[PDB]
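Only one structure is covered here, and it is reproduced in the block below.
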Amino acid sequence: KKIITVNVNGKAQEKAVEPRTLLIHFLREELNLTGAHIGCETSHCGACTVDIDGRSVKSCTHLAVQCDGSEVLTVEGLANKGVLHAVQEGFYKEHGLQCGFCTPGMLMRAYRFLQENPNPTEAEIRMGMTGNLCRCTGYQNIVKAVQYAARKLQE
Amino acid sequence: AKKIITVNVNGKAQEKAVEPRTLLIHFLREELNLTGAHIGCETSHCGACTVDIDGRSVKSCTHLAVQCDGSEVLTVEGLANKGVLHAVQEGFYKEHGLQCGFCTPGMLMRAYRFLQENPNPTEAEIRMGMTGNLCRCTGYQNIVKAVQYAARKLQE
Amino acid sequence: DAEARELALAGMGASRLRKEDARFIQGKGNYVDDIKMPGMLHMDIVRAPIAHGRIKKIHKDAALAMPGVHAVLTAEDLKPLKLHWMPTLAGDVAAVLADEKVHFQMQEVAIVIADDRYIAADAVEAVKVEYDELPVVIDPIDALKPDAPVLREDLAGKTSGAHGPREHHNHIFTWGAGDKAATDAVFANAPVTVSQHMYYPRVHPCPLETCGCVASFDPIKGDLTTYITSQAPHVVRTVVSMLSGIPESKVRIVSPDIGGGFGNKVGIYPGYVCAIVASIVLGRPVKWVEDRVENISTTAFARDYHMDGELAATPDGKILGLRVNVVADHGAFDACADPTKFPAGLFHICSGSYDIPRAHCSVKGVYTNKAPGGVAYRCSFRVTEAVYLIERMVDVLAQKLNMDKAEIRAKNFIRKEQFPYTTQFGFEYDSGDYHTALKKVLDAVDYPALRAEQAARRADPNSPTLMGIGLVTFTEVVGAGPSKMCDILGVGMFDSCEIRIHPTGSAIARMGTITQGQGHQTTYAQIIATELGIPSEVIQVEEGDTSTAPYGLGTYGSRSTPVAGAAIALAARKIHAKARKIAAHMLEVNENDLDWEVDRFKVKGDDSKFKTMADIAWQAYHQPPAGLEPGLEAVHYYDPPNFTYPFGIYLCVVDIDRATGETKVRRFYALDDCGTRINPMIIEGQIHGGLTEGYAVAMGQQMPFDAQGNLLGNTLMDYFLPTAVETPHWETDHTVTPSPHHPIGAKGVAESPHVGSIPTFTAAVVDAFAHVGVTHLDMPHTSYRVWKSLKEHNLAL
Amino acid sequence: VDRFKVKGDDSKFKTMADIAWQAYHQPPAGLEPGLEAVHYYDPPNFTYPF
Amino acid sequence: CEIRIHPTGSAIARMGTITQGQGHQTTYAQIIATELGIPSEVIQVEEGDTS
Amino acid sequence: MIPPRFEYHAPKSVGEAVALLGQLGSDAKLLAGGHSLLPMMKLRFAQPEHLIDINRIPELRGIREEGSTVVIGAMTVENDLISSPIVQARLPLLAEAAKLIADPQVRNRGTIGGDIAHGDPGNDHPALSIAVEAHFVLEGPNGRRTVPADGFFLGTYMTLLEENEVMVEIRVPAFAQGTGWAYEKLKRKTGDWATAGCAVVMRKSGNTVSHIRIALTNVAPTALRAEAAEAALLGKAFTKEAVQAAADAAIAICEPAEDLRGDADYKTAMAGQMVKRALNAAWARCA
Ligand SMILES: Cc1cc2nc3c(=O)[nH]c(=O)nc-3n(C[C@H](O)[C@H](O)[C@H](O)COP(=O)(O)OP(=O)(O)OC[C@H]3O[C@@H](n4cnc5c(N)ncnc54)[C@H](O)[C@@H]3O)c2cc1C
Ligand code: PCD
Ligand code: FES
Ligand code: FES
Ligand code: FES
Ligand code: FES
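Protein sequence lines, in the order shown, are assigned to chains F, Y, L, G, Z and A.
Quick note: the first sequence uses PDB author numbering, first residue 3, plus one each step.
Quick note: the second sequence uses PDB author numbering, first residue 2, plus one each step.
Quick note: the third sequence uses PDB author numbering, first residue 7, plus one each step.
Quick note: the fourth sequence uses PDB author numbering, first residue 604, plus one each step.
Quick note: the fifth sequence uses PDB author numbering, first residue 503, plus one each step.
Quick note: the sixth sequence uses PDB author numbering, first residue 1, plus one each step.
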């Protein structure tokens, strides 16, 4: 086992982990940050997406041990002092979620994508959100949710 | 500073680190979630926190957890074996020795030990032997019957 | 197969074992302090060291700087939410956190929130408070003096209160019942007249589990969930909703397993309000669990009635009138649990088990520098005081006329044929048979032989012990309900039950009451078992969760059996009527060609053609007969037509040691009649507990204050509670006189042993001194006090 | 919308809130306290959206 | 469906169905809202728990 | 309920415990059965910064006979006194009187040495140790010393014991054949401290009292030895008048505190009453 120190949502977490432990299970099982979900074992769905060291990453294809000294942000950390982040507000206002299973991953992705590209076109949004699957929405309202967040972020 | 200790509770090793002032009752309830033992006073009279430590009945609210490093602690959760109720639990059940159940875990742990100290107790001996345990609901009458029931079951 | 099928139901009348036991005997109960939630913090309270005084300054800095402490709140943090004061069940207001001043010692002044209870307790000690002492008021009589200090400066200028006009700043109310003029007329000319002052001491219900709660406001969902030691969770939800502004549907109150309530957990304490507020502010769970000292010192006390009784009669012992005057000590704020129209509860039931043609009572409540309360500890809303008054007065009358104490009662008893009897105070006693019950007790204990033995001991001047025989014949009033008459903060005192039968025959049932150990999960199931032919073992009952249980008024005043017991039977009967309709359809016959036999509907004249409740349940889900909705369930809200009036005949023999003053209970026989009995085993337990509490009150309990207002003996070091050694062996008996208006004829009974046994003990102790002219002795009858009396009457050793 | 008003006189009315409280305070003669209902619906036919 | 109105006007409702994302907690509240003049926002709906 | 923070020390020898008392000072307190110390700490009546647990010291335990002297280790738990076949045979007064102390649970923790060192007038052993003529062995930085029970109690919670000492054991002479004894304890309930109590140990000679010791419990700031009460019986015949004279002599020295157990008037009269009863009970036990 390797002792690591991961900064999760602004708080330092020193834990002893087995090398094979997937980051997604470390977050869900050890820290009880159950927002991130699992929808596949092949790395396609993106329901496990979290922000690691400034980038969107599918936590099911990353080891917890690799996060020693990293900065990890999960959906539970998006709201600031209880005030929703623009992406959370956009998804809510534009009905960008139904069963809510792909939502945390979608929000974590959108959170970073909007920093990568602040004024995205619809095509760029669809392409920028390609790593995340959704079975409920048909993506249309998600595009609007991201557009709503983009406008609010430059407000 | 927290002291690292290992206390055997119900035959299982419990490795923890607690401040020296930690009362055994809070250790069991707070650290191990063995919430059977209860707190009914701050003056050591009620006995609702009674647990069996190293072969003796002890009020866990008046004993330090740090004094138990290596001890054998028995709580109500460990009386039943393989699901079968201990004679003491069966006695309280059959004789209606409990109403709200708050003093019950303490009564059971005390009766468990009492019956070993005295296998064939008279009523006076039972009332006196259970004297360190307070009950607000029963009026004790059925509790002595429950103990008499258990005493009888253990001899058969 | 009929008698066997009924027996297998383990329903009405069966002494079946408890369904609750399993979890409790294995430490799997779920009480407030067993609860642990994610992010849960702990709250402790900084309390007042003095009884009366102005708050100069509160120091928060040292406590706040301490690691582990998240917040320190005072009345200032509560003002913006209008929560530094809260409304009470008595129509007055109580301080949540002391604002400008403190009204009683140990009062809540500030709160700290910390990582755990250890740090929290440290934080309390770190908070320093500066006070300006004010003159204390501990005696009710001294409180009404012109120069007496103003306790409640918040209601300065008010000439009326929630219960009528107020004559003095420390005067709360004056309430009366009966015919004053008629009563005064009888007493003005009656040939025999007796008077007796007696004090019913302030005592505490002291449940083994103290009060506490885990308040959890979820800022994400915007709803409040608080686990609490409450005997009326639904009422608490409505009140919390209105005081907080949070829509009621988003407020969930849940009374889990409660380690005894005994009326001590009916009200809302500042501790609950503070935990809720802190939780809202911190956006996380806050746990509050008081210590024993805090429970005895600040939660609801019982009694504290200064009473002056009077009886008018003819020389043969026939009572002509009753006149009573009482001064009630309610402490700082009037938070006395009672229906809004009865500031003195049902004290006007003090005419007792006797046909008294003229009576009148008057109660005056006053403020003092003490904790709120008054109604608790199995009192049935001041019935304890009412029964004690009349029974002591009857003994006084018997002694002045030199008349036997049993004889004078049999002479004044309401005759069996007089029921339903309307008293001089307006109560309509449902049913009773006192003469038969008294004879049963007298014969059982060989009363004449007891009197003979007593006569012999009294003869020898050197008998080392005094013998006293105490006898009480009382009538209770339980089942607070008629909405036109009874309401809690505006809510009619009804109750409810909801039963749902599953496709396979078993069922789930929820009521608006809440057990604290009296066995509802077993008994309620038994009532339904008999009504529907489904074994009680598979009828799961639950109470306490405002999100699942039908709205009710909770459990106190022994109202469960009378009110909820009725709602349960009626709800079940709604299901039984539908079951018949379904059975008739399946059997292809008319409904009244059907007979109900234990657990099935069978065709008259043909035993082979029948359908069981299981058969019917399945049919209800499979294919509902035309004109019927699928399913099989019912809900019923019962507004009782009258209270229930159980009675009892209690006898106690005591032997007092002349050298030490210590009293030994030689025998105690208790006969109770609560109508139809649901579970005898459970009833017997309630009696044992009740009689034990009575012994505790009459023989050892008290809450003395010194001249400075300090509460003395507020811990188990001095506050008396008997162990198995002190508790006598109880002898119980019964008769069955059903309540005519009740769906199953069952009356409440739980409070009877407490209400009746207390004056029985006093009756026995006083009767031990009767031969030297003693008419009354104030409780507690401790060795010390009894010795002072032996000394005073030259009976010492 | 949210109240029962007397025909003609608009000023005389009672909201569902007023009615709810009354149901708990003191039920009119012949009625049980409370304001709740249960209903099991066995449909007469399917629904045919297009 | 079982609907219970509280003393203060708000309500709780439970149905024998079980949403899996189709929005029953919002839509069911709207139906009842129009039927009783109680805002859908305070009509709390739940499903899925057989107890 | 919550005691203040403190450091825990658990030395395995009397010598090291004494050493800790020295280096830590008055800020340290010896932790025996904890059934007086912990309750006071929980109510914050006492707030030592250090606790020196003496439960792991073997020489503080054991009950042995050294000739005609019974030696009880200070750490002897209350219940072991009751079940000791030696105490039962040589000091039956202590085995029977111990049954009147607290409850079973407390008795499995509280020690005879802690009951005495605590110096509370409410405790039963102080008067018992006087009537039985016990001697306490104390160990400090300068070695040991043996002091008698009579004169060991100075005030409420105050004894001859120094801040840097540890009571090792309790030496008491075995009862001579035919010794009469008794302990009369008036109490509000089981497990409560006495309202008044009297310990009596006496020996007979034909029909006269040859040896007598009378001690009073909880009727003064400390346990009292009723010397004048003894003087009313020594060498005199055992009569009803003699007993009353003793009772009057016991009563005369009482200086009870007024509290919830009663006033000085009651406690004094009760002390006398317990004396009368103890003397008659003790006499009846003489052979
Ligand atoms: C509910 C209750 C009821 C009780 N009832 C009674 C009763 O009826 N009669 C009665 O007599 N007692 C009674 N007690 C007290 C038990 O009997 C007192 O337990 C014990 O007085 C103080 O002994 P301890 O062994 O527990 O030591 P502790 O509680 O640890 O106290 C020891 C005290 O003496 C010092 N000390 C202890 N051992 C030594 C030693 N070997 N050398 C030097 N100093 C030492 C400590 O520093 C401290 O000041 C009761 C206690 C409780 C909680
Ligand atoms: N006839 C008849 C009657 C009765 N029963 C039963 O018995 C029981 C009882 O009931 P009642 O009487 O009805 O009552 P409740 O309501 O239930 O209860 C209450 C009470 O109860 C008592 N007791 C008890 N116990 C216990 N255990 N716990 C508690 O807590 C208690 N508390 C107390 C009090 S106080 Mo108040 O509040 O002051 O007013 S009131 C009171 C129940 O189960 C029932 O069912 C029967 O069986 N039968
Ligand atoms: S679980 Fe599907 S990409 Fe991670
Ligand atoms: S909202 Fe259900 S999968 Fe996206
Ligand atoms: S909590 Fe009362 S004796 Fe332990
Ligand atoms: S059963 Fe409730 S205190 Fe014992």
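Ideal Cβ placement from N, Cα and C applies to all residues, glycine included.
Beta-carbon neighbours of residue i, restricted to chain F and to distances below 8 angstroms
i, result
"residue 522 of chain Z", "101"
Residues that residue i bridges to, as DSSP identifies them
i, result
"residue 307 of chain L", "L/379"
"residue 171 of chain L", "L/166"
"residue 229 of chain L", "L/224"
"residue 643 of chain L", "L/502"
"residue 657 of chain L", "L/477, L/675"
"residue 285 of chain L", "According to DSSP, which records beta bridges pairwise, residue 285 of chain L is partnered with nothing at all."
Within chain Z, the residues that residue i reaches when beta carbons sit closer than 9 angstroms
i, result
"residue 634 of chain G", "Within 9 angstroms Cβ-Cβ: nothing; residue 634 of chain G doesn't reach chain Z, min ~14 angstroms."
Beta-carbon spacing of residue i, residue j below 9 angstroms
i, j, result
"residue 108 of chain L", "residue 137 of chain L", "yes"
"residue 203 of chain L", "residue 782 of chain L", "yes"
"residue 203 of chain A", "residue 178 of chain A", "yes"
"residue 575 of chain L", "residue 750 of chain L", "yes"
"residue 558 of chain L", "residue 500 of chain L", "yes"
Chain Z contact residues for residue i, given Cβ-Cβ distances below 8 angstroms
i, result
"residue 138 of chain F", "523"
Bounding residues of the alpha helix (DSSP H) (the contiguous stretch that carries residue i)
i, result
"residue 546 of chain L", "Run containing residue 546 of chain L: none in the alpha helix (DSSP H); it sits in the beta strand (DSSP E), 545-548."
"residue 793 of chain L", "789-798"
"residue 250 of chain L", "239-250"
"residue 758 of chain L", "758-775"
"residue 167 of chain A", "Unbroken run through residue 167 of chain A is the beta strand (DSSP E), 166-173; no alpha helix (DSSP H)."
Chain Y contact residues for residue i, given Cβ-Cβ distances below 7 angstroms
i, result
"residue 34 of chain A", "63, 64"
Partners in chain L for residue i, counting only beta-carbon separations shorter than 7 angstroms
i, result
"residue 260 of chain A", "718, 719, 724"
"residue 605 of chain G", "Per Cβ cutoff of 7 angstroms: no residues; residue 605 of chain G is ~15 angstroms from chain L at best."
Boundaries of the beta strand (DSSP E) in which residue i is found, first to last residue
i, result
"residue 3 of chain Y", "From DSSP, residue 3 of chain Y is part of no beta strand (DSSP E); its letter is neither H nor E."
"residue 111 of chain L", "Residue 111 of chain L -> no beta strand (DSSP E), and no H or E assigned at all."
"residue 125 of chain A", "First-last for residue 125 of chain A: 125-131, but that is the alpha helix (DSSP H), not the beta strand (DSSP E)."
"residue 210 of chain A", "208-217"
"residue 46 of chain L", "Where residue 46 of chain L is concerned, there is no enclosing beta strand (DSSP E), given that its DSSP letter is neither H nor E."
"residue 177 of chain L", "177-184"
"residue 258 of chain L", "257-260"
Below-9 angstroms beta-carbon distance, residue i vs any chain B residue
i, result
"residue 510 of chain Z", "Protein chains F, Y, L, G, Z and A are contained in the structure displayed, whereas chain B is not."
Cross-chain neighbours of residue i in chain L, by beta carbon under 9 angstroms
i, result
"residue 150 of chain Y", "By Cβ distance, chain L contributes nothing, its closest Cβ being about 12 angstroms from residue 150 of chain Y, past 9 angstroms."
Contact set between residue i and chain A, taken where Cβ atoms lie within less than 8 angstroms
i, result
"residue 728 of chain L", "189"
Residue i: contacting residues in chain G (beta-carbon distance under 7 angstroms)
i, result
"residue 507 of chain Z", "623, 638, 639"
Chain-ordered residues of the stretch 524-541 of chain Z with a beta carbon less than 9 angstroms from chain F: 524, 525
Chain L contacts made by the stretch 167-191 of chain A, where a contact means CB separation under 8 angstroms: 186, 188, 189, 190, 191
Output, in sequence order along the chain, the residues in the stretch 249-277 of chain L whose CB is closer than 8 angstroms to any CB in chain Z. 253, 254, 255, 256
What are the residues in the stretch 615-643 of chain G lying within 9 angstroms of chain Z by C-beta distance? 618, 619, 620, 621, 622, 623, 624, 626, 627, 628, 637, 638, 639, 640, 641, 642, 643
Of all the residues that make up the stretch 61-83 of chain A, which are near chain Y by a beta-carbon distance shorter than 7 angstroms? none
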